[PDB]
>>> print(open('model-v4.tsv').read())   # TSV, C-alpha atoms
chain	number	residue	atom	x	y	z
A	978	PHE	CA	103.68	151.67	96.22
A	979	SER	CA	100.66	149.63	97.37
A	980	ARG	CA	99.80	148.55	93.81
A	981	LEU	CA	103.04	147.97	91.88
A	982	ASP	CA	106.24	145.97	92.27
A	983	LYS	CA	109.37	147.94	93.13
A	984	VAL	CA	111.26	146.56	90.11
A	985	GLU	CA	109.52	148.87	87.62
A	986	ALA	CA	107.48	151.18	89.85
A	987	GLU	CA	110.55	153.40	89.53
A	988	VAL	CA	109.89	153.54	85.78
A	989	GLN	CA	106.26	154.43	86.49
A	990	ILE	CA	106.99	157.00	89.20
A	991	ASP	CA	109.74	158.64	87.13
A	992	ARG	CA	107.13	159.51	84.51
A	993	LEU	CA	105.30	161.24	87.37
A	994	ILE	CA	108.25	162.75	89.23
A	995	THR	CA	109.73	164.45	86.15
A	996	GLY	CA	106.42	166.10	85.28
A	997	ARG	CA	106.02	167.60	88.75
A	998	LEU	CA	109.65	168.73	88.90
A	999	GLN	CA	109.44	170.23	85.40
A	1000	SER	CA	106.13	171.83	86.40
A	1001	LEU	CA	107.86	173.47	89.36
A	1002	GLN	CA	110.47	174.94	87.00
A	1003	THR	CA	107.81	176.76	84.98
A	1004	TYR	CA	106.53	178.49	88.12
A	1005	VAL	CA	110.05	179.46	89.23
A	1006	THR	CA	110.93	180.83	85.79
A	1007	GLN	CA	107.65	182.77	85.68
A	1008	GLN	CA	108.52	184.19	89.11
A	1009	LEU	CA	111.85	185.46	87.76
A	1010	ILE	CA	110.12	187.09	84.78
A	1011	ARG	CA	107.45	188.78	86.89
A	1012	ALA	CA	109.88	189.93	89.59
A	1013	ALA	CA	112.01	191.50	86.85
A	1014	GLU	CA	109.14	193.69	85.65
A	1015	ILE	CA	108.15	194.67	89.19
A	1016	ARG	CA	111.77	195.60	89.90
A	1017	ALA	CA	111.83	197.66	86.71
A	1018	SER	CA	108.55	199.22	87.86
A	1019	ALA	CA	109.87	199.83	91.38
A	1020	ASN	CA	112.82	201.88	90.11
A	1021	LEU	CA	110.30	203.83	88.03
A	1022	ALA	CA	108.44	204.66	91.24
A	1023	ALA	CA	111.65	205.38	93.15
A	1024	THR	CA	112.59	208.06	90.62
A	1025	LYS	CA	109.09	209.53	90.90
A	1026	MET	CA	109.43	209.74	94.69
B	539	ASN	CA	94.78	153.56	106.30
B	540	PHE	CA	91.13	153.34	105.20
B	541	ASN	CA	90.38	150.56	102.69
B	542	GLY	CA	93.93	150.81	101.37
B	543	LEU	CA	93.96	154.63	101.39
B	544	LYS	CA	97.44	154.92	102.87
B	545	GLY	CA	98.84	158.29	103.87
B	546	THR	CA	100.22	160.45	106.65
B	547	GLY	CA	98.15	163.10	108.40
B	548	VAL	CA	95.70	163.77	111.21
B	549	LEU	CA	92.07	162.81	111.76
B	550	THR	CA	89.66	165.49	113.00
B	551	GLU	CA	85.91	165.85	113.48
B	552	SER	CA	84.19	167.07	110.31
B	553	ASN	CA	80.84	168.74	109.71
B	554	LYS	CA	80.36	168.32	105.95
B	555	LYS	CA	77.53	165.97	104.99
B	556	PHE	CA	78.24	163.08	102.63
B	557	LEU	CA	75.76	161.57	100.21
B	558	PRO	CA	75.13	157.85	100.87
B	559	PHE	CA	77.18	156.88	97.80
B	560	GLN	CA	80.03	159.34	98.52
B	561	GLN	CA	83.03	158.21	100.56
B	562	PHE	CA	86.01	160.11	99.12
B	563	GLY	CA	86.25	163.85	99.78
B	564	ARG	CA	88.63	165.64	97.43
B	565	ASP	CA	89.76	169.25	97.05
B	566	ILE	CA	91.36	171.57	94.49
B	567	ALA	CA	94.39	169.27	94.58
B	568	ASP	CA	92.00	166.49	93.45
B	569	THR	CA	93.33	164.10	96.10
B	570	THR	CA	91.43	162.43	98.92
B	571	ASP	CA	91.22	164.36	102.19
B	572	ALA	CA	87.86	163.35	103.72
B	573	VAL	CA	86.71	159.74	104.12
B	574	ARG	CA	84.32	157.71	106.27
B	575	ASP	CA	85.38	154.87	108.55
B	576	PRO	CA	83.90	151.59	107.24
B	577	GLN	CA	82.87	150.43	110.72
B	578	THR	CA	80.73	153.53	111.38
B	579	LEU	CA	79.00	156.25	109.35
B	580	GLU	CA	81.10	159.15	110.68
B	581	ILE	CA	82.93	161.39	108.21
B	582	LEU	CA	86.59	162.08	109.01
B	583	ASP	CA	88.54	165.07	107.72
B	584	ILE	CA	92.17	164.36	106.81
B	585	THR	CA	94.80	167.11	106.80
B	586	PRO	CA	98.59	166.76	106.63
B	587	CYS	CA	100.69	167.28	109.74
C	541	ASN	CA	141.74	152.14	81.52
C	542	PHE	CA	143.43	152.14	84.93
C	543	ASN	CA	141.71	149.39	86.96
C	544	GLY	CA	138.64	149.93	84.79
C	545	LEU	CA	138.72	153.74	85.13
C	546	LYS	CA	138.13	154.53	81.47
C	547	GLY	CA	139.21	157.97	80.30
C	548	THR	CA	141.08	159.99	77.71
C	549	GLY	CA	143.80	162.61	77.98
C	550	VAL	CA	147.50	163.32	78.34
C	551	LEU	CA	149.39	162.28	81.47
C	552	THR	CA	152.33	164.18	82.97
C	553	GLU	CA	154.33	164.14	86.18
C	554	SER	CA	152.24	165.32	89.13
C	555	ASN	CA	153.79	167.17	92.06
C	556	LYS	CA	150.65	166.48	94.12
C	557	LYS	CA	151.20	164.06	97.00
C	558	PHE	CA	149.06	160.97	97.58
C	559	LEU	CA	148.97	159.21	100.91
C	560	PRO	CA	149.87	155.51	100.54
C	561	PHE	CA	146.18	154.65	100.96
C	562	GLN	CA	144.75	157.17	98.50
C	563	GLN	CA	144.35	155.99	94.91
C	564	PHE	CA	142.34	158.45	92.79
C	565	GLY	CA	142.47	162.24	92.95
C	566	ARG	CA	139.33	164.28	92.31
C	567	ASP	CA	138.86	167.96	91.51
C	568	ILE	CA	136.11	170.47	92.30
C	569	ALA	CA	134.34	169.35	89.11
C	570	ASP	CA	134.09	165.88	90.73
C	571	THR	CA	136.08	163.85	88.21
C	572	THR	CA	139.33	161.91	88.26
C	573	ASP	CA	142.54	163.83	87.57
C	574	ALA	CA	145.40	161.74	89.03
C	575	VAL	CA	145.94	157.97	89.07
C	576	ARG	CA	148.58	155.75	90.67
C	577	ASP	CA	150.23	153.36	88.23
C	578	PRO	CA	150.04	149.76	89.53
C	579	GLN	CA	153.58	148.99	88.34
C	580	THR	CA	155.13	152.34	89.32
C	581	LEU	CA	154.07	154.11	92.52
C	582	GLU	CA	154.66	157.46	90.79
C	583	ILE	CA	151.46	159.49	90.54
C	584	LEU	CA	150.29	160.48	87.06
C	585	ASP	CA	148.29	163.60	86.14
C	586	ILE	CA	145.19	163.16	83.97
C	587	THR	CA	144.15	166.19	81.93
C	588	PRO	CA	142.03	166.30	78.76
C	589	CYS	CA	143.62	166.61	75.33
D	734	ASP	CA	109.07	172.89	99.73
D	735	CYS	CA	110.68	170.87	96.94
D	736	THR	CA	111.03	167.66	98.95
D	737	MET	CA	107.34	167.57	99.93
D	738	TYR	CA	105.48	169.26	97.07
D	739	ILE	CA	106.89	166.46	94.89
D	740	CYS	CA	106.97	163.40	97.17
D	741	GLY	CA	104.98	164.42	100.24
D	742	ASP	CA	104.25	161.62	102.72
D	743	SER	CA	106.43	159.14	100.81
D	744	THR	CA	109.83	158.28	102.27
D	745	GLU	CA	110.97	156.21	99.29
D	746	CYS	CA	110.05	158.98	96.84
D	747	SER	CA	112.07	161.44	98.92
D	748	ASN	CA	114.97	159.00	98.71
D	749	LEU	CA	114.32	158.73	94.97
D	750	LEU	CA	114.34	162.53	94.71
D	751	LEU	CA	117.66	162.67	96.58
D	752	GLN	CA	119.63	161.11	93.71
D	753	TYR	CA	118.21	163.72	91.30
D	754	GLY	CA	120.95	166.03	92.59
D	755	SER	CA	121.23	169.72	93.46
D	756	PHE	CA	117.88	170.57	91.88
D	757	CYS	CA	115.71	171.25	94.94
D	758	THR	CA	118.35	173.42	96.64
D	759	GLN	CA	118.55	175.50	93.45
D	760	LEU	CA	114.94	176.66	93.79
D	761	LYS	CA	115.23	177.44	97.50
D	762	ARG	CA	118.10	179.74	96.53
D	763	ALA	CA	116.38	181.16	93.44
D	764	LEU	CA	113.16	182.10	95.22
D	765	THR	CA	115.12	183.49	98.18
D	766	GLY	CA	116.53	186.17	95.89
D	767	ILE	CA	112.99	187.12	94.91
D	768	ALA	CA	111.87	187.07	98.55
D	769	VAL	CA	114.71	189.32	99.72
D	770	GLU	CA	114.17	191.65	96.76
D	771	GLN	CA	110.67	192.59	97.92
D	772	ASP	CA	112.28	193.80	101.15
D	773	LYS	CA	114.54	196.09	99.08
D	774	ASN	CA	112.13	197.70	96.59
D	775	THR	CA	109.92	198.96	99.42
D	776	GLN	CA	113.11	199.78	101.34
D	777	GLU	CA	114.18	201.91	98.34
D	778	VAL	CA	110.93	203.59	97.26
D	779	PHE	CA	109.76	204.52	100.76
D	780	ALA	CA	112.98	204.90	102.80
D	781	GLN	CA	114.33	208.09	101.20
D	782	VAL	CA	113.75	210.09	104.42
E	251	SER	CA	147.94	128.42	138.11
E	252	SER	CA	145.17	128.11	135.52
E	253	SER	CA	142.77	129.87	137.92
E	254	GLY	CA	143.41	133.47	139.05
E	255	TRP	CA	145.55	136.02	137.13
E	256	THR	CA	147.05	139.43	138.11
E	257	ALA	CA	146.71	141.66	135.03
E	258	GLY	CA	147.28	145.36	134.49
E	259	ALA	CA	144.73	148.11	134.06
E	260	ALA	CA	143.04	148.70	130.71
E	261	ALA	CA	140.31	150.98	129.37
E	262	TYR	CA	138.28	150.80	126.17
E	263	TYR	CA	135.32	152.71	124.75
E	264	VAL	CA	132.72	151.42	122.30
E	265	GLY	CA	130.17	153.31	120.24
E	266	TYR	CA	127.65	152.55	117.54
E	267	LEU	CA	127.24	154.10	114.10
E	268	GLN	CA	124.35	156.00	112.55
E	269	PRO	CA	123.70	157.03	108.93
E	270	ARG	CA	124.58	160.73	108.77
E	271	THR	CA	125.65	163.39	106.28
E	272	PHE	CA	129.10	164.73	107.15
E	273	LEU	CA	130.95	167.74	105.74
E	274	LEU	CA	134.64	166.82	105.53
E	275	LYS	CA	137.31	169.43	104.78
E	276	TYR	CA	140.21	167.99	102.81
E	277	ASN	CA	143.34	170.08	103.32
E	278	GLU	CA	145.98	170.84	100.70
E	279	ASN	CA	147.65	167.51	101.51
E	280	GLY	CA	144.36	165.61	101.25
E	281	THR	CA	144.17	164.43	104.87
E	282	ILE	CA	141.10	165.11	106.99
E	283	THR	CA	141.57	168.39	108.87
E	284	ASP	CA	138.05	169.49	109.84
E	285	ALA	CA	134.62	167.89	109.90
E	286	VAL	CA	131.05	168.79	110.85
E	287	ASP	CA	127.80	166.82	111.11
E	288	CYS	CA	124.58	168.25	109.70
E	289	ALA	CA	122.13	166.66	112.16
E	290	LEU	CA	123.87	167.81	115.37
E	291	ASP	CA	123.14	171.52	115.82
E	292	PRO	CA	121.23	174.23	113.93
E	293	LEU	CA	124.56	176.03	113.54
E	294	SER	CA	125.98	172.80	112.12
E	295	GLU	CA	122.98	172.57	109.79
E	296	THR	CA	123.49	176.08	108.45
E	297	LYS	CA	127.23	175.40	108.15
E	298	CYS	CA	126.71	172.28	106.05
E	299	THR	CA	123.84	173.67	103.96
E	300	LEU	CA	126.13	176.43	102.66
E	301	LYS	CA	129.16	174.15	102.06
E	302	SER	CA	131.36	176.39	104.21
E	303	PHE	CA	132.84	176.41	107.70
E	304	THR	CA	132.58	180.12	108.57
E	305	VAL	CA	129.22	181.81	107.96
E	306	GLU	CA	128.60	185.55	108.01
E	307	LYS	CA	125.93	187.31	110.06
E	308	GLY	CA	122.45	187.04	108.59
E	309	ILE	CA	119.30	184.98	108.24
E	310	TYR	CA	119.46	181.57	106.56
E	311	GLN	CA	117.07	178.80	105.58
E	312	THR	CA	117.56	175.08	106.18
E	313	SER	CA	115.65	171.76	106.03
E	314	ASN	CA	111.84	171.94	106.49
E	315	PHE	CA	110.64	170.60	109.89
E	316	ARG	CA	107.89	167.92	109.61
E	317	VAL	CA	105.95	166.02	112.34
E	318	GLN	CA	106.81	162.27	112.42
E	319	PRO	CA	103.79	159.90	112.86
E	320	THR	CA	103.28	158.55	116.42
E	321	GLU	CA	101.38	155.33	115.56
E	322	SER	CA	99.49	153.53	112.80
E	323	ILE	CA	95.80	152.63	112.53
E	324	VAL	CA	94.16	150.47	109.85
E	325	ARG	CA	90.40	150.36	109.24
E	326	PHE	CA	88.70	147.74	107.06
E	327	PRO	CA	85.02	146.75	106.87
E	328	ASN	CA	84.01	144.90	110.02
E	329	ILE	CA	82.55	141.95	108.07
E	330	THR	CA	84.41	138.64	108.45
E	331	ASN	CA	83.49	136.12	105.75
E	332	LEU	CA	85.48	133.74	103.55
E	333	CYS	CA	85.20	134.54	99.86
E	334	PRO	CA	84.10	131.69	97.56
E	335	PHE	CA	87.62	131.14	96.20
E	336	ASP	CA	88.47	127.49	96.85
E	337	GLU	CA	85.20	126.19	95.40
E	338	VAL	CA	85.99	128.09	92.20
E	339	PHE	CA	89.53	126.66	92.17
E	340	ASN	CA	88.34	123.18	93.24
E	341	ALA	CA	85.26	123.03	91.01
E	342	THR	CA	84.72	119.59	89.50
E	343	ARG	CA	83.54	120.97	86.14
E	344	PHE	CA	84.62	124.04	84.17
E	345	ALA	CA	82.59	125.56	81.35
E	346	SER	CA	83.87	125.85	77.79
E	347	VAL	CA	86.13	128.73	76.77
E	348	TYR	CA	83.46	130.13	74.45
E	349	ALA	CA	80.87	129.59	77.21
E	350	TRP	CA	82.77	131.23	80.06
E	351	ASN	CA	80.73	131.76	83.23
E	352	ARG	CA	80.99	135.00	85.21
E	353	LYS	CA	80.42	134.92	88.97
E	354	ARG	CA	79.83	137.70	91.49
E	355	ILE	CA	82.33	137.79	94.37
E	356	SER	CA	81.69	140.35	97.12
E	357	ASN	CA	80.59	140.76	100.75
E	358	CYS	CA	83.51	138.65	101.97
E	359	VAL	CA	87.20	138.72	102.86
E	360	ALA	CA	89.40	137.00	100.27
E	361	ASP	CA	92.60	135.28	101.43
E	362	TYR	CA	95.08	134.67	98.61
E	363	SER	CA	97.63	133.02	100.93
E	364	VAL	CA	95.81	129.68	100.76
E	365	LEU	CA	95.82	129.94	96.96
E	366	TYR	CA	99.58	130.61	97.00
E	367	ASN	CA	100.24	127.21	98.60
E	368	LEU	CA	98.66	125.16	95.79
E	369	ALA	CA	101.47	123.30	94.03
E	370	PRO	CA	100.35	122.94	90.37
E	371	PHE	CA	99.67	126.65	89.73
E	372	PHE	CA	101.45	127.71	86.52
E	373	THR	CA	100.36	131.20	85.40
E	374	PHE	CA	100.56	133.85	88.13
E	375	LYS	CA	101.58	137.31	86.87
E	376	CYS	CA	99.51	140.31	87.94
E	377	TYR	CA	99.90	143.47	85.87
E	378	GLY	CA	98.10	146.34	87.60
E	379	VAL	CA	98.66	144.90	91.08
E	380	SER	CA	101.76	143.53	92.76
E	381	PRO	CA	101.04	139.84	93.50
E	382	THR	CA	102.49	140.01	97.02
E	383	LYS	CA	100.25	143.00	97.87
E	384	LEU	CA	96.89	141.26	97.33
E	385	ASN	CA	96.59	140.47	101.07
E	386	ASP	CA	96.38	144.10	102.24
E	387	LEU	CA	94.34	145.98	99.59
E	388	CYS	CA	90.55	146.21	99.53
E	389	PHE	CA	88.76	145.13	96.36
E	390	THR	CA	85.61	146.93	95.24
E	391	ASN	CA	84.24	144.16	93.00
>>> encode(input="model-v4.tsv", output="structure tokens")
Amino acid sequence: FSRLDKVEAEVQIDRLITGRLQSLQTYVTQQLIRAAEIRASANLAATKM
Amino acid sequence: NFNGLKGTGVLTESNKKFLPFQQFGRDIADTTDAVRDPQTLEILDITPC
Amino acid sequence: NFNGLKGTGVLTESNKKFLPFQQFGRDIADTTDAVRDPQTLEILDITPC
Amino acid sequence: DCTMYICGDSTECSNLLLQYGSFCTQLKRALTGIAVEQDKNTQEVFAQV
Amino acid sequence: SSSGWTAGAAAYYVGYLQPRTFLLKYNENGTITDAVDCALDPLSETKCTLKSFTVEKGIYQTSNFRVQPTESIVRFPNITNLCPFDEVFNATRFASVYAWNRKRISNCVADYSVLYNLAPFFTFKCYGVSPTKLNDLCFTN
């Protein structure tokens, strides 16, 4: 914002804002996968108890 | 704003020693968080609010 | 192409009531579903084919 | 924090992220289900007395 | 009779407008029947972040609080010198294109505003830097 005109800085920043947002999706999806195995491993412990 | 390094945060008193050619302190995020005021030789730590 | 509102579908009589101000009806899906004919104040009923 | 991990300390970027839609609020909901789950697994394995 | 009039009582109220996010409840007839404002109360915030008017007992999460800046401070090198710009732009003689001369410009403050005012400038299009932002960014070399 201190180095580029606002007319096409949106084009530049969009190539940076979609990568970060898509990066955040990978972490969220990985969290769902991991929390599914822990949940399946919690109900294995619950039966043991 | 230090030499065009615009951002929002706080300025505290730091203890890390900078080499004479070093002015930008980075971190794991690989973004600047420790600079030196051009008027003096003091090193300032920058952390977000 | 009501007043530039391009769309496609079949139009029937609509029992829904429009206030004299209101022009376009919108659904939960956030799209137009009823239009007021400029020549006839009767309210149409847009629905896809 | 979707609005700050992506466009922290940038008002215009936060405005630019606003028009991207219901994407940030989806993750706050998605990770909440994971967060509340970890208060159920331990509440199920250990709270059988 | 043009001076002095006996008129009746009258009362009027005036308010200003702010940009806000409002949750409006359209009824079955489509007229406004209920409305809430997000930025009024925490209860209003949790009402409008769930897109509902009645909320059940429980914990909820809402917008992240952040500390607004109180002031602004700008620090630039304390040196105050005029960069050798005009002499370059007002040089009597220029070298040949194949014999271009490179000059060192540093240890000075460069003002591009004076260059902006020169009438016969033709080519001014800056790619990596916004042309209007050359008066507030520090140049290494």
>>> closest_residue(input="model-v4.tsv", among="E:330, E:294, E:314, E:382", to="chain A", atoms="all atoms listed in the file")
E:382
>>> closest_atom_pairs(input="model-v4.tsv", of="chain A", to="chain B", cutoff="10 Å", atoms="all atoms listed in the file", output="tab-separated table")
residue	atom	partner	partner_atom	distance
A:978	CA	B:544	CA	9.7
A:979	CA	B:542	CA	7.9
A:980	CA	B:542	CA	9.8
>>> atom_distance(input="model-v4.tsv", atom1="CA of residue 1016 in chain A", atom2="CA of residue 762 in chain D")
18.3 Å
>>> residues_around(input="model-v4.tsv", residues="residue 1002 in chain A", least_positions_apart="6", cutoff="10 Å", atoms="all atoms listed in the file", output="ChimeraX atom specification")
/A:996,1008 /D:756,760
>>> write_last_selection(input="model-v4.tsv", atoms="C-alpha atoms", output="tab-separated table (two decimals), in the frame of the given file")
chain	number	residue	atom	x	y	z
A	996	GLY	CA	106.42	166.10	85.28
A	1008	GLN	CA	108.52	184.19	89.11
D	756	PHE	CA	117.88	170.57	91.88
D	760	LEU	CA	114.94	176.66	93.79
>>> atom_distance(input="model-v4.tsv", atom1="CA of residue 584 in chain B", atom2="CA of residue 549 in chain B")
5.2 Å
>>> atom_distance(input="model-v4.tsv", atom1="CA of residue 750 in chain D", atom2="CA of residue 981 in chain A")
18.6 Å
>>> residues_around(input="model-v4.tsv", residues="residue 378 in chain E", least_positions_apart="2", cutoff="12 Å", atoms="only C-alpha atoms", output="PyMOL selection string")
(chain A and resi 978-982+985-986+989) or (chain E and resi 375-376+380-381+383-384)
>>> interface_residues(input="model-v4.tsv", of="chain D", to="chain E", cutoff="9 Å", atoms="all atoms listed in the file", output="PDB file with C-alpha atoms, keeping the file's coordinate frame")
ATOM      1  CA  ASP D 734     109.070 172.890  99.730  1.00  0.00           C
ATOM      2  CA  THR D 736     111.030 167.660  98.950  1.00  0.00           C
ATOM      3  CA  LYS D 761     115.230 177.440  97.500  1.00  0.00           C
ATOM      4  CA  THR D 765     115.120 183.490  98.180  1.00  0.00           C
TER       5      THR D 765
END
>>> interface_residues(input="model-v4.tsv", of="chain E", to="chain C", cutoff="12 Å", atoms="all atoms listed in the file", output="list in words")
residues 276, 277, 278, 279, 280, 281 and 282 of chain E
>>> closest_atom_pairs(input="model-v4.tsv", of="chain D", to="chain B", cutoff="9 Å", atoms="all atoms listed in the file", output="JSON lines")
{"residue": "D:741", "atom": "CA", "partner": "B:546", "partner_atom": "CA", "distance": 8.9}
{"residue": "D:742", "atom": "CA", "partner": "B:546", "partner_atom": "CA", "distance": 5.7}
{"residue": "D:743", "atom": "CA", "partner": "B:545", "partner_atom": "CA", "distance": 8.2}
>>> residues_around(input="model-v4.tsv", residues="residue 579 in chain B", least_positions_apart="4", cutoff="10 Å", atoms="only C-alpha atoms", output="JSON, numbers by chain")
{"B": [556, 558, 561, 573, 574, 575]}
>>> axis_aligned_box(input="model-v4.tsv", around="range 565-579 of chain C", padding_each_side="8 Å", output="JSON")
{"center_x": 143.8, "center_y": 159.7, "center_z": 90.3, "size_x": 35.5, "size_y": 37.5, "size_z": 21.4}
>>> interface_residues(input="model-v4.tsv", of="chain D", to="chain A", cutoff="10 Å", atoms="all atoms listed in the file", output="ChimeraX atom specification")
/D:735,738-740,743,745-746,749-750,753,756-757,760-761,763-764,766-768,770-771,773-775,777-781
>>> closest_residue(input="model-v4.tsv", among="E:342, E:373, E:385, E:256", to="chain A", atoms="only C-alpha atoms")
E:385
>>> decode(input="model-v4.tsv", residues="range 735-766 of chain D", atoms="C-alpha atoms", output="short mmCIF file (atom, residue, chain, number, x, y, z; two decimals), in the first residue's frame")
data_model
loop_
_atom_site.label_atom_id
_atom_site.label_comp_id
_atom_site.auth_asym_id
_atom_site.auth_seq_id
_atom_site.Cartn_x
_atom_site.Cartn_y
_atom_site.Cartn_z
CA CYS D 735 -9.39 -15.00 10.25
CA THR D 736 -9.63 -11.22 9.93
CA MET D 737 -6.15 -10.62 11.38
CA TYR D 738 -4.11 -13.70 10.44
CA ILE D 739 -4.81 -12.70 6.82
CA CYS D 740 -4.85 -8.88 6.87
CA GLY D 741 -3.48 -7.92 10.28
CA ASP D 742 -2.79 -4.21 10.78
CA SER D 743 -4.32 -3.30 7.41
CA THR D 744 -7.77 -1.70 7.41
CA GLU D 745 -8.18 -1.77 3.63
CA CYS D 746 -7.25 -5.46 3.46
CA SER D 747 -9.86 -6.20 6.13
CA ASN D 748 -12.37 -4.31 3.99
CA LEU D 749 -11.13 -6.30 0.99
CA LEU D 750 -11.59 -9.52 2.97
CA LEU D 751 -15.15 -8.49 3.88
CA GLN D 752 -16.45 -8.89 0.33
CA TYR D 753 -15.03 -12.44 0.19
CA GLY D 754 -18.20 -13.51 2.00
CA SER D 755 -19.07 -15.98 4.77
CA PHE D 756 -15.65 -17.64 4.65
CA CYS D 757 -14.07 -16.41 7.90
CA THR D 758 -17.18 -17.13 9.98
CA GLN D 759 -17.17 -20.69 8.60
CA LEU D 760 -13.82 -21.48 10.24
CA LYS D 761 -14.76 -19.92 13.58
CA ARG D 762 -17.72 -22.31 13.58
CA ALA D 763 -15.75 -25.30 12.28
CA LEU D 764 -12.98 -25.06 14.86
CA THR D 765 -15.52 -24.41 17.63
CA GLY D 766 -16.90 -27.91 17.08
#
